Amino acid sequence: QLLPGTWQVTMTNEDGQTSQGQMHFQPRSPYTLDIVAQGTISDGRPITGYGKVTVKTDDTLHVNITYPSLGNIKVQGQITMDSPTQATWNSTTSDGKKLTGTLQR
Ligand SMILES: CC1=N/C(=C\c2cc(F)c(O)c(F)c2)C(=O)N1C
């Protein structure tokens with residue numbers, strides 16, 4: 001219920017790069033929210049991505065997102081709602097790299 005809206009996002013990946021940008025969550029049904037993402041990686045690559053947060057019966061928040069601006073790499077992971085104003089992003093890219101970030105509202 002707290003996800004919908006815009007979040008400021010900072011991330012770091014296993015290649016030692018960092019990223020900054022935003023994620024925007026749109027409620028769709030009781031079991032899914034749509035996500036769109038914008039930002040920039042520390043190597044200069046622009047970030048444009050879109051996906052879905054799927055909610056399982058145990059309330060786990062699974063995220064799948066594809067990034068056309070990064071050669072269509074895909075990211076799959078889980079969001080952990082630490083508080084009403086903070087969430088943690090743990091994921092792995094389709095290249096096999098860890099991607100960790102923090103969402104702040
Ligand atoms: C800041 C930010 N980085 C994102 C994705 C992202 C960042 C990275 F550093 C990656 O290597 C990568 F494969 C994806 C994203 O969606 N946002 C909002």
Side-chain angles (χ1 to χ4, degrees), residues 1 3-19 21-51 53 55-58 60-73 75 77-97 99-103 105:
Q1 296 284 327
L3 259 194
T6 294
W7 299 75
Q8 306 300 315
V9 184
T10 308
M11 321 194 68
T12 312
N13 65 27
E14 186 169 350
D15 285 334
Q17 299 158 333
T18 63
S19 63
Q22 300 78 35
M23 282 181 185
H24 313 273
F25 295 90
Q26 178 72 283
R28 284 284 171 242
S29 65
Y31 61 93
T32 39
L33 301 75
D34 291 348
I35 172 179
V36 292
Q38 284 188 317
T40 314
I41 303 178
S42 60
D43 61 2
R45 277 180 297 159
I47 297 166
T48 296
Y50 65 90
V53 186
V55 192
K56 310 312 184 207
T57 51
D58 56 15
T60 52
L61 294 182
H62 298 245
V63 292
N64 289 75
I65 178 160
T66 308
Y67 295 92
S69 72
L70 306 176
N72 289 311
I73 78 139
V75 175
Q78 293 193 33
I79 299 184
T80 298
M81 292 295 316
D82 295 332
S83 78
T85 62
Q86 181 104 330
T88 309
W89 177 293
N90 290 287
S91 59
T92 308
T93 74
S94 57
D95 282 354
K97 316 272 180 61
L99 178 64
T100 307
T102 310
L103 278 57
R105 188 194 291 275

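In what follows, residues are counted from 1 in the order of the sequence shown. All values below were derived from every heavy atom in this structure, side-chain atoms included, with hydrogens, water molecules and symmetry-related copies excluded.
Under the 4.5 Å side-chain criterion, counting only non-hydrogen atoms from C-beta, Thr66 is in contact with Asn72. The shortest side-chain heavy-atom distance between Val63 and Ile35 does not fall under the 4.5 Å cut-off. Residues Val55 and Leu61 are in side-chain contact: their nearest non-hydrogen atoms beyond the backbone lie under 4.5 Å apart. No side-chain heavy atom of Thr10 sits less than 4.5 Å from a side-chain heavy atom of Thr102. Using a 4.5 Å heavy-atom cutoff, the side chains of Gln8 and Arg105 are not in contact.
To the nearest 0.5 Å, atoms CD1 (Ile47) and CG (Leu70) are separated by 6.0 Å. Note that CG of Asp34 and NE2 of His24 are 13.0 Å apart. Values are rounded to the nearest 0.5 Å. Note that OG1 of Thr6 is 12.0 Å distant from CE of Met23, once rounded to the nearest 0.5 Å. For the atom pair CG of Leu103 and CE of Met11, the computed distance is 7.5 Å after rounding to the nearest 0.5 Å. A distance of 9.0 Å separates CD of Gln78 from NZ of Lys56, quoted to the nearest 0.5 Å.
A donor-acceptor pair under 3.5 Å is formed between the side chain of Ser69 and the backbone N or O of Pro46. Under the 3.5 Å distance criterion, the side-chain polar atoms of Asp15 are left unmatched by any main-chain donor or acceptor of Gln17.
The closest side-chain donor-acceptor pair between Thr93 and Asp95, if any, does not fall under 3.5 angstrom.
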